[PDB]
Amino acid sequence: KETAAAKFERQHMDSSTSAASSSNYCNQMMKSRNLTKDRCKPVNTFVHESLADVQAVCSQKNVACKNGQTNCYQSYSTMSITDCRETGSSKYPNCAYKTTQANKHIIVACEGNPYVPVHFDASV
Ligand SMILES: O=c1ccn([C@H]2C[C@H](OP(=O)(O)O)[C@@H](CO)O2)c(=O)[nH]1
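Residue numbering for the sequence shown follows the entry's author numbering, beginning at 1 and increasing consecutively.
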């Protein structure tokens with residue numbers, strides 16, 4: 001059904017907000033993007049840059065993926081992101097998260113034709 005590329009956009013792209021803002025951002029976004037459907041997804045990152053800029057990372061610095069694969073890339077420029085981390089008192093289906101804004105280089109895995117992001121590996 002949903003392609004890996006489309007899933008990446010649903011899970012990691014949010015260009016509408018320059019920095020997400022609002023302490024409720026993650027609680028609202030993790031739910032709206034259906035990341036709390038089956039379970040409370042532990043951690044998830046939203047990137048506040050244009051789709052084009054994020055897709056372009058696939059042609060940037062080639063770095064090893066955490067899983068050992070070689071199709072991961074690190075952005076040369078830092079990007080505005082928001083990490084969503086589940087709290088301790090968080091109990092499904094009422095998933096709770098802490099919203100933390102940051103400016104770091106992102107690392108994503110890319111594949112396909114067009115060669116686009118299909119997984120968010122890390123931020124550094
Ligand atoms: O800083 C991080 C680290 C991990 N994840 C993610 C990557 C995965 O989701 P994913 O392949 O769909 O993109 C999941 C399992 O690690 O959580 C983020 O969003 N940000």
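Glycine included, C-beta positions come from ideal geometry on N, C-alpha and C.
- The DSSP-derived three-state label of residue 47 is strand.
- Counting only residues whose CB is nearer than 7 Å to a non-hydrogen atom of ligand 1, the list in chain order is 7, 8, 11, 12, 41, 42, 43, 44, 45, 83, 119, 120, 121, 122 and 123.
- By the criterion of at least three beta-carbon pairs nearer than 8 Å, the segment 52 to 59 is not in contact with the segment 92 to 100.
- Residue state for residue 59 is assigned as helix, using DSSP reduced to three classes.
- In the three-state reduction of the DSSP assignment, residue 10 falls in the helix class.
- By the 16-neighbour rule on beta-carbons within 10 angstroms, residue 39 is exposed.
- Counting other Cβ atoms within 10 Å of its Cβ, residue 121 reaches 16 or more and is therefore classed as buried.
- About 6 Å separates the Cβ atoms of residue 47 and residue 12, confirming a contact at the 8 Å cut-off.
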